[PDB]
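Asks: This is the structure I want to talk about, given as structure tokens.
2 protein chains.
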Amino acid sequence: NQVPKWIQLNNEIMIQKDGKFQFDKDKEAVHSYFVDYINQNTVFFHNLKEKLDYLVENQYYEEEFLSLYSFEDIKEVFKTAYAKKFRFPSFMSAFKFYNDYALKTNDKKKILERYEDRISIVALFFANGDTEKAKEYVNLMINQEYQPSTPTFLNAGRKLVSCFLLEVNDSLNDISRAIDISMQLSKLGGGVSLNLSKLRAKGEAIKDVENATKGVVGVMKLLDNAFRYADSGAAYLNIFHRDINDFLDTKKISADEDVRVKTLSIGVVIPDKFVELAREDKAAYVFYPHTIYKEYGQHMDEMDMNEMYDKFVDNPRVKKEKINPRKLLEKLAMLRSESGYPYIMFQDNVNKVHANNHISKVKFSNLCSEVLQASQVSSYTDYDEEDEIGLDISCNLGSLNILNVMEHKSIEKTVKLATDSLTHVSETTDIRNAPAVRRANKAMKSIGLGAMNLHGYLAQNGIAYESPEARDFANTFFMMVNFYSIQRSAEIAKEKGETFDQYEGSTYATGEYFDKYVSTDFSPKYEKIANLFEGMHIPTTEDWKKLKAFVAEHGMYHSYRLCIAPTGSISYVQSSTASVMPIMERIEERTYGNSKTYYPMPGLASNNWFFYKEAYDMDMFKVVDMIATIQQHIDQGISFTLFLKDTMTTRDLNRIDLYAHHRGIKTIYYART
Amino acid sequence: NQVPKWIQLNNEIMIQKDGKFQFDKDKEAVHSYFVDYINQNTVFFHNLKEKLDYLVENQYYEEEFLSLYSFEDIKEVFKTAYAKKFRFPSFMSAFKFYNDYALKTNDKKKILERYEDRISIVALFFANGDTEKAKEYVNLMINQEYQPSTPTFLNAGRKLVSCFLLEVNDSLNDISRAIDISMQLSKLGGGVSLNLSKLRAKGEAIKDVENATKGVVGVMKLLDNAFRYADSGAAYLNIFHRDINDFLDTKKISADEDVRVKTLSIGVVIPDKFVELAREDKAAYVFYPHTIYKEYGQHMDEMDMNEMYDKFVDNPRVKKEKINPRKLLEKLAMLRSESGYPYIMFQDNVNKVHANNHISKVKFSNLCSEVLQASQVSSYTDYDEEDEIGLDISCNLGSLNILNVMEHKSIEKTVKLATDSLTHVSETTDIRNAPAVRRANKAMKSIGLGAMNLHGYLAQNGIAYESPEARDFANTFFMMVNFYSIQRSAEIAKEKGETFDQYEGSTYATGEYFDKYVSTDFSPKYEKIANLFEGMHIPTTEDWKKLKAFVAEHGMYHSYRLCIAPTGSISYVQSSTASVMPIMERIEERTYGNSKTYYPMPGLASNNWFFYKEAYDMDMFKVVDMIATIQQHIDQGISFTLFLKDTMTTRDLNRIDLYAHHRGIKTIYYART
Ligand SMILES: Nc1ncnc2c1ncn2[C@H]1C[C@H](O)[C@@H](COP(=O)(O)OP(=O)(O)OP(=O)(O)O)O1
Ligand SMILES: Nc1ncnc2c1ncn2[C@H]1C[C@H](O)[C@@H](COP(=O)(O)OP(=O)(O)OP(=O)(O)O)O1
Ligand SMILES: Nc1ncnc2c1ncn2[C@H]1C[C@H](O)[C@@H](COP(=O)(O)OP(=O)(O)OP(=O)(O)O)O1
Ligand SMILES: Nc1ncnc2c1ncn2[C@H]1C[C@H](O)[C@@H](COP(=O)(O)OP(=O)(O)OP(=O)(O)O)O1
């Protein structure tokens, strides 16, 4: 029943040594725990050969790509990994890896993989034939310069994507098909979310008899019950609906029998017409999209509301409903101050930067609230009858370290290796239930790249998070990685000799995304910011001009390359801080079980004490200015989590919303307290 | 609560497959148990260096002789051991080694040493400076051609002898000193036994007042109580004592309050005078050794009974006691049929072959009943007063395989390596409580060498144990190992340039032990026996003549070289049968715990089924003839365990005793039932 030594060492960290903390007690809490637990619970082997034979015979890996190398090359990459002798600085480093991310035994009572082993296997999977590229993947990974996504780093050749975005058409067979597809993907752990802007409203005529539609809320109840059969999902709605108030009745603070959501996150996508109508404080008009489909031929989200609003107003066919949009703004701010629900997307601001607007307009995002692509709704008829194959969205993840890239300065080769690995993931992944997402991943070849450790690295350098220096740092750095990513995508579309589909209507084929970058040089205007960027060439606008000429020469390979997700589940094993969102506490405190670990921030001392600020005590306006500074280079959206408190008010949240709509911010996340 | 797989596989061995047993179910009972238990409970290491650093820092070994080699040489002998990849054929092989003989952790919940590791460490300890000799020790050990003794193989350089033989003088200070010395050695696990032939009888005058001695039985009670303070011991008595009947009252079948022995084994050493007096069926005379000491000046066992018996008879000074020795023979046979107690030694028959009879006569042996050397009783006065340092006996152990030597045919180099290792053990061992045994081990330099797997190897070749072929086999083989052992001892006394002490009065300095061997060639008289010995030169009498000339040239190093002990505790890990005693069962059956292992004999099939006979169904006369055939080459005694039954009678046991006295048999062991 006795607490072991390393847990007591972690308890000893919080002992006030002259007003500070016993940080080095972590290390023994590392070092004893390696000795007393890790090295005493590992399965013994006599060599590498019998170890690999045990891995083969005990049915733990796909043996094919493992047999794409010799045993000597496998031992070479293993010796290369073990030549690091990686010394974990954090208790949570080993305390999450060998606890969760490491592949253990079948009874899960001993250790199988080491920290080098999983990384080397993932490197052999990413390289898939080459030994030296796998060693480069190791050097990108064993120095923690890159970290792949959670199922990607988890089940590389074992027994894959957490981003899925679909639509729904207005037929019962479509409803059953979508229910089936969500149940198919729910067992695979992928993040599946949708949007319901193409369904008929409550109390409408179902094709023969008047006043027959039970409403969308029954379908939401059905999907909420359907998600109770697996381990989660989400759905959206365009704002100009009569049941949009009922869309606010979903996440009601009085949890009803008739409305009881537990899994489906909601998010209201607001075009500029609604903030236009609420800004003038004039009464607005939502409509019936089935009457719109019966009158004009298309759904309401098929057309822009700013054009066709008065065209719906004067036309007597589509039935009206008149409300106050300012009261809806008040109730939205009220629900956001209650919880932080729902999400808000400025889809016109998304299309204001969207390169593939020639295909469609983005009208929704994921649960991770980051991916913004084009889409097409399918249509499913009966079983004997033939159906349709629309367009879908699937964007893989995987982050890098700002700190390790900025210290090791292999940034272009980092872009090379990360792009090749994400290309390999997009190539290998296949879906055999809904062929629409299969066709979409086959057609778009879309990837998503992000990064972490912004506040911890820059605050570790002695730079405030609320500095314009850090904003210019993000500006120049993401200009450089934008240069390298577009350079790599154009090189890859050259080397393949082939680009993604509908590349010609995008801004890359016309060079319009580079039109911002052929002028307006984002060279560092601050001295410490430039000195951090010293040691490497900063690409100017002429480099962007040659990049534009090379893109117009061949083409670009990925319709999207970048997304930013809250990838906080891997910061501990990356021995690093979170993503570009600033930290909340200098010391995380957890009760693991029968214990209290006290994990401080990595690099926490008294010099960066006030550089490691608190998220409850920051100006959010400088944060969204930084968000816009980063969004100057990101194609897709960024999951900006709002860091708020309980004492704030709804009208200041409204001012934040007007400020973000003024900044052209794409999406927002659930708020803090 | 479920029985694991390998135990069920061992249970599957006894399943009657067409009247036989499922022998190969052992192997999976090996092989799964290696997989499911052994390789899952070993402490992980990254290399050899950190493993040795853990062994150093965790205080597991004497680091000095380990630092007498480079890390590369240690890795060379480790690679040499692991290049064997020794495949255990028996369940009891791993089931005793990694259970008991392997050094485990401090909490004893994981494995530290491997099967190669302990052997290689023992080899480095035996070599103590040389790498190649340690590899030769490995090849002698990893092929199971030699096995050292239990503490020697156990604690080689860790945190030593099981043979100790002392005497007692007739003073209270001597009694307290001997009690102290036995208590000193009892905590060290050594086998300590004594003899009480120099104490005054019961009811005698203690130096001033008549009828004051409480008797020897109180001292035996005291030693029995004293052995209750540690984890065992023994004591003897010469037969011509008045309390010798009381010596039979010790192991009384009615366990008394007043006599309650639980640890002290007894054994009556019978000279030829007693079998002379019992043979003629005439009344015999025991005496009072204190009156003998007061009259003639010496104890009774100082002089021969055959000479001085009538000189004690006609002298009126020494008080007589007249008994029937045939009734004592009857009661001795009765107690031997009850249990098997006590032991019987024909000390005149021992001195009939004893080379160092110029020193003294052997009057006692150990609990292992094998070692027969010369001795001198000490005398201890008061604490301020000065004492005496007599002579003692300490003979180390360690056996070899008849099977592996007879198959690998490195018999002379086996003698070389075994003699050098036993020399190293005798050099390193030191005692710091009783300096008499320290002086005795420093002076005699006496070793003991034995062997095992006689019945199993020869019966595995298709030879009956009750054959004269096997007797001639033992004759020729032990002639050859006698040749090689005397050759090695003479070579060693040449290389040192120095022999043991009082070598000149021994028969080796006069060549009288070779006088039996300069004639009477022990070449094999049987064809299969010779064909087993074919492939190597058999030394004739001329080789013994050159050996005699080389011994007379320099000298011999060890006063004794050979002893045979029941070393059955290591046959399982040696994957072999017992010593030269024949087997009792073809299949040992044990209930380990919550289980029933069924370990057959190694090599048990239907062809050697009737070669693997049963010890209850053999002629003991052929066995003692084989014993005499072996004793034709052994210097010391051999622990011949009597294999008897319940249905036999005491008079046949008497005929066995007369037959063994006719054969010149030195000692006998406790009998079977
Ligand atoms: N931070 C850590 N990261 C990885 N392994 C560790 C860490 N801390 C302790 N250990 C491991 C390595 C060893 O197997 C054991 C502790 O030995 P350690 O001294 O840390 O390594 P080492 O063997 O390279 O150095 P040394 O030769 O001084 O013992 O547990
Ligand atoms: N009995 C019903 N109760 C509730 N909803 C129904 C019922 N029958 C059909 N629906 C729902 C599910 C459909 O998405 C929606 C439209 O009805 P359905 O007849 O299936 O579409 P449809 O393809 O034949 O053409 P239309 O859109 O004109 O109705 O109403
Ligand atoms: N009799 C045995 N003696 C020693 N080790 C054994 C024995 N039986 C099984 N094992 C050990 C060796 C391995 O670590 C594991 C079982 O693998 P095993 O097949 O026996 O050895 P191996 O690796 O040399 O052959 P293979 O390449 O065919 O697997 O447990
Ligand atoms: N009070 C006693 N009770 C029992 N035994 C005793 C007693 N005193 C002495 N002894 C025993 C232990 C001795 O071994 C033995 C001889 O007595 P002790 O006086 O100690 O010997 P000693 O060396 O003085 O010469 P001696 O042999 O003539 O007696 O008798």
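From first to last, the protein sequence lines are chains J and I.
Throughout the first sequence, residue numbering follows PDB author numbering, covering 4 to 162, 167 to 238, 246 to 687 in sequence.
Throughout the second sequence, residue numbering follows PDB author numbering, covering 4 to 162, 167 to 238, 246 to 687 in sequence.
All C-beta atoms, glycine included, are put in the ideal place defined by N, C-alpha and C.
Identify which residue in I:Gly470, I:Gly525, I:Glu290 has its Cα closest to the Cα of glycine 617 (chain I).
Replies: Your numbering for residue 617 (chain I) matches position 603 in the second sequence. Out of I:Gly470, I:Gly525, I:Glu290, I:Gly470 has the C-alpha closest to the C-alpha of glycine 617 (chain I).
Asks: Taking the alpha carbon of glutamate 505 (chain I) as the point to measure from, which residue in I:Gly607, I:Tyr571, I:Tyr357 has its own alpha carbon closest?
Replies: Residue 505 (chain I) sits at position 491 when you count from the first residue of the second sequence. The shortest Cα separation from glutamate 505 (chain I) among I:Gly607, I:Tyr571, I:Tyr357 belongs to I:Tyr571.
Asks: Report the three-state DSSP secondary structure of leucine 201 (chain J) (helix, strand or coil).
Replies: One-based indexing of the first sequence puts residue 201 (chain J) at position 194. In the structure shown, the three-state DSSP call for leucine 201 (chain J) is strand.
Asks: So which of J:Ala105, J:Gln147, J:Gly247, J:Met227 has the shortest CA-CA distance to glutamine 191 (chain J)?
Replies: In the first sequence, counting from the first residue as 1, residue 191 (chain J) sits at position 184. Nearest C-alpha to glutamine 191 (chain J): J:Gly247.
Asks: Check this for me: beta carbons of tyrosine 149 (chain I) and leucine 414 (chain I), under 8 Å apart or not?
Replies: Within the second sequence, residue 149 (chain I) is the residue found at index 146, counting from 1. Within the second sequence, residue 414 (chain I) is the residue found at index 400, counting from 1. A distance below 8 Å separates the beta carbons of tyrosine 149 (chain I) and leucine 414 (chain I).
Asks: Where do the ends of the alpha helix (DSSP H) carrying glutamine 474 (chain I) lie?
Replies: Walking along the second sequence from the start, residue 474 (chain I) turns up at place 460. Start and end: 469-474.
Asks: Taking the alpha-carbon positions, what's the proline 303 (chain I) to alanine 488 (chain I) distance?
Replies: Here the question's residue 303 (chain I) lines up with position 289 in the second sequence. Here the question's residue 488 (chain I) lines up with position 474 in the second sequence. Looking at the two C-alpha atoms, the distance is approximately 43 Å.
Asks: Tell me whether the stretch 609-616 of chain J and the stretch 456-465 of chain J touch, counting them as touching only if at least three CB pairs, one residue from each stretch, are closer than 8 Å.
Replies: Contact check between the stretch 609-616 of chain J and the stretch 456-465 of chain J: fewer than three CB pairs, one atom from each, fall below 8 Å, which does not count as touching.
Asks: Is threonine 305 (chain J) near ligand 2, in the sense that its beta carbon is under 7 Å from a heavy atom of that ligand?
Replies: Walking along the first sequence from the start, residue 305 (chain J) turns up at place 291. Not so, every heavy atom of ligand 2 lies at least 7 Å from the Cβ.
Asks: Measuring straight from C-alpha to C-alpha, what distance separates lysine 23 (chain I) and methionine 420 (chain I)?
Replies: The count along the second sequence starts at 1 and reaches residue 23 (chain I) at position 20. The count along the second sequence starts at 1 and reaches residue 420 (chain I) at position 406. Here the alpha carbons of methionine 420 (chain I) and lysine 23 (chain I) stand approximately 29 Å from one another.
Asks: With a Cβ-Cβ cutoff of 8 Å, do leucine 206 (chain I) and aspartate 231 (chain I) count as a contact?
Replies: Working through the second sequence from its first residue, we reach residue 206 (chain I) at position 199. Working through the second sequence from its first residue, we reach residue 231 (chain I) at position 224. Cβ atoms of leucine 206 (chain I) and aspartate 231 (chain I): not closer than 8 Å.
Asks: Residues of chain I with CB under 8 Å from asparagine 102 (chain J), in chain order?
Replies: Taking the first sequence and counting its residues from 1, one reaches residue 102 (chain J) at position 99. The contacting residues do not exist; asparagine 102 (chain J) stays about 16 Å from chain I at best.
Asks: Would you identify the three-state DSSP class for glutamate 603 (chain I), choosing helix, strand or coil?
Replies: The residue you call residue 603 (chain I) lines up with position 589 of the second sequence. Strand at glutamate 603 (chain I).
Asks: Do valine 46 (chain J) and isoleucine 114 (chain J) have their beta-carbon atoms positioned less than 8 Å apart in this structure?
Replies: As a working note, residue 114 (chain J) is residue 111 in the first sequence. As a working note, residue 46 (chain J) is residue 43 in the first sequence. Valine 46 (chain J) sits close to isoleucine 114 (chain J), with the two beta carbons spaced by under 8 Å.
Asks: Is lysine 113 (chain J) close to chain I, meaning its C-beta is less than 8 Å from at least one C-beta of that chain?
Replies: Mapped onto the first sequence, residue 113 (chain J) falls at position 110. By this cut-off, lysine 113 (chain J) is an interface position.
Asks: Under 8 Å by Cβ, that's how I've got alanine 685 (chain J) and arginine 350 (chain J) pegged, so tell me the actual separation to the nearest angstrom.
Replies: In the first sequence, counting from the first residue as 1, residue 685 (chain J) sits at position 671. In the first sequence, counting from the first residue as 1, residue 350 (chain J) sits at position 336. Correct: roughly 6 Å between the Cβ atoms.
Asks: Say yes only if the C-beta of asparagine 42 (chain I) is nearer than 7 Å to one or more non-hydrogen atoms of ligand 3, and no if none qualify.
Replies: Taking the second sequence and counting its residues from 1, the one referred to as residue 42 (chain I) is at position 39. It does: the Cβ of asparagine 42 (chain I) is within 7 Å (strictly closer) of some heavy atom of ligand 3.
Asks: Just the Cα atoms here: how many angstroms apart are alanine 473 (chain I) and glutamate 628 (chain I)?
Replies: The count along the second sequence starts at 1 and reaches residue 473 (chain I) at position 459. The count along the second sequence starts at 1 and reaches residue 628 (chain I) at position 614. Their Cα atoms are separated by approximately 12 Å.
Asks: Are any of the Cβ atoms in chain I nearer than 8 Å to that of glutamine 361 (chain J)?
Replies: Within the first sequence, residue 361 (chain J) is the residue found at index 347, counting from 1. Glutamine 361 (chain J) does not count as touching chain I.
Asks: Which residue wins for smallest C-alpha separation from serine 93 (chain J), given the options J:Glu116, J:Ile188, J:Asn13?
Replies: By one-based count along the first sequence, residue 93 (chain J) stands at place 90. Closest option to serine 93 (chain J), Cα to Cα, is J:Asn13.
Asks: Flag this pair as yes or no: are the beta carbons of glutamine 501 (chain J) and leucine 561 (chain J) separated by less than 8 Å?
Replies: For this step, residue 501 (chain J) is matched to residue 487 along the first sequence. For this step, residue 561 (chain J) is matched to residue 547 along the first sequence. Contact flag set, yes.
Asks: Compare the C-beta of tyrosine 85 (chain I) with all C-beta atoms of chain J and state if any pair is closer than 8 Å.
Replies: For the purposes of this step, residue 85 (chain I) is taken as residue 82 along the second sequence, with counting starting at 1. Yes, because at least one Cβ of chain J sits closer than 8 Å to the Cβ of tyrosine 85 (chain I).
Asks: Residue 165 (chain J) and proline 356 (chain J) look like a contact to me (Cβ under 8 Å); what is the Cβ gap, rounded to whole Å?
Replies: There are no coordinates for residue 165 (chain J) in this structure, because the numbering of chain J runs from 162 directly to 167.
Asks: For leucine 173 (chain I), I'd like the list of residues in its chain whose CB is within less than 6 Å of its CB, leaving aside the five on either flank, ordered along the chain.
Replies: Against the second sequence, residue 173 (chain I) aligns to sequence position 166. Once the five neighbours on either side are set aside, the close Cβ partners of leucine 173 (chain I) are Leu201, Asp406.
Asks: Could you pull the start and end residues of the beta strand (DSSP E) that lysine 334 (chain J) belongs to?
Replies: Taking the first sequence and counting its residues from 1, the one referred to as residue 334 (chain J) is at position 320. 334-337 is the extent of the beta strand (DSSP E) around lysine 334 (chain J).
Asks: I want to verify the contact list: residues of chain J whose CB lies under 9 Å from the CB of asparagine 455 (chain I), in sequence order.
Replies: Counting from 1 along the second sequence, the entry for residue 455 (chain I) is found at position 441. For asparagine 455 (chain I), no chain J residue has a C-beta closer than 9 Å to its own C-beta; the minimum C-beta separation is roughly 41 Å.
Asks: Checking 8 Å against the spacing of the C-beta atoms, do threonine 264 (chain J) and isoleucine 253 (chain J) come in under that value?
Replies: For the purposes of this step, residue 264 (chain J) is identified with residue 250 of the first sequence, where counting begins at 1. For the purposes of this step, residue 253 (chain J) is identified with residue 239 of the first sequence, where counting begins at 1. Going by C-beta atoms, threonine 264 (chain J) is not nearer than 8 Å to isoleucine 253 (chain J).
Asks: Taking 7 Å as the cut-off, does the CB of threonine 220 (chain I) come closer than this to any heavy atom belonging to ligand 4?
Replies: Walking along the second sequence from the start, residue 220 (chain I) turns up at place 213. For ligand 4, at least one heavy atom lies less than 7 Å from the Cβ of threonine 220 (chain I).
Asks: Please list, in chain order, the residues of the stretch 27-44 of chain J that have any C-beta partner in chain I closer than 9 Å.
Replies: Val38, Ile41, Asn42, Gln43, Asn44
Asks: Does the stretch 286-305 of chain J come within contact of the stretch 339-349 of chain J, defined as at least 3 CB pairs closer than 8 Å?
Replies: Here the stretch 286-305 of chain J makes contact with the stretch 339-349 of chain J; the two share three or more CB pairs at distances below 8 Å.
Asks: Rounded C-beta distance between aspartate 444 (chain I) and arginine 453 (chain I)? I'm assuming under 8 Å.
Replies: On the second sequence, position 430 is the one that residue 444 (chain I) refers to. On the second sequence, position 439 is the one that residue 453 (chain I) refers to. About 11 Å; that fails the 8 Å criterion.
Asks: Just reading off the beta strand (DSSP E) that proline 580 (chain J) is part of, what are its end residues?
Replies: Looking up residue 580 (chain J) in the first sequence gives position 566. Here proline 580 (chain J) belongs to no beta strand (DSSP E), and DSSP marks it neither H nor E.
Asks: Tell me whether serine 189 (chain I), by its Cβ, gets closer than 7 Å to a heavy atom of ligand 4.
Replies: Working through the second sequence from its first residue, we reach residue 189 (chain I) at position 182. Answer for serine 189 (chain I): no, Cβ out of range of ligand 4.
Asks: Taking 7 Å as the line, does the beta carbon of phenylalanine 91 (chain I) fall inside it for any heavy atom of ligand 3?
Replies: Taking the second sequence and counting its residues from 1, one reaches residue 91 (chain I) at position 88. Under cutoff, so the answer is yes.
Asks: If you measure between the beta carbons of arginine 256 (chain J) and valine 300 (chain J), is that distance less than 8 Å?
Replies: Translated into positions along the first sequence, residue 256 (chain J) becomes position 242. Translated into positions along the first sequence, residue 300 (chain J) becomes position 286. Contact: yes.
Asks: Is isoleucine 213 (chain J) a contact residue of ligand 2, with contact defined as CB to any heavy atom under 7 Å?
Replies: Here residue 213 (chain J) refers to the residue found at position 206 when the first sequence is read from its first residue. Taking non-hydrogen atoms of ligand 2 into account, the C-beta of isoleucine 213 (chain J) is found less than 7 Å away from one of them.
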